[PDB]
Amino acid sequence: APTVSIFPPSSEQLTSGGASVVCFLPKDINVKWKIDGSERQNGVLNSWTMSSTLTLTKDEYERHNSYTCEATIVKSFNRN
């Protein structure tokens, strides 16, 4: 049972114009990203030792309210 944790972009990064959302997660696992409920596939980069990172421009991040990390449990956060 993986312990999932999701993180919003830091103010420091946002100041530079970028927006990365980080998610920390038997090896077999599948991570799904959701922005306001619908699946997002472009801009995702994964790493296994699991960690999933969704990078977007600040403008895009600012376009939505909810970011969800969905494993194979659901964890998320609303910008507002």
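Note that residue numbering begins at 1 and tracks the sequence as displayed.
According to the record, 4 to 9 deposited residues between residue 25 and residue 26 are left without atomic coordinates. Per the record, residue 72 and residue 73 are separated by a gap of 4 to 9 residues from the deposited sequence that were not modelled.
For residue 44, the recorded CA temperature factor ranks within the middle third of the chain's modelled residues. Residue 38 sits in the lowest third of its chain by CA B factor, as recorded in the PDB entry.
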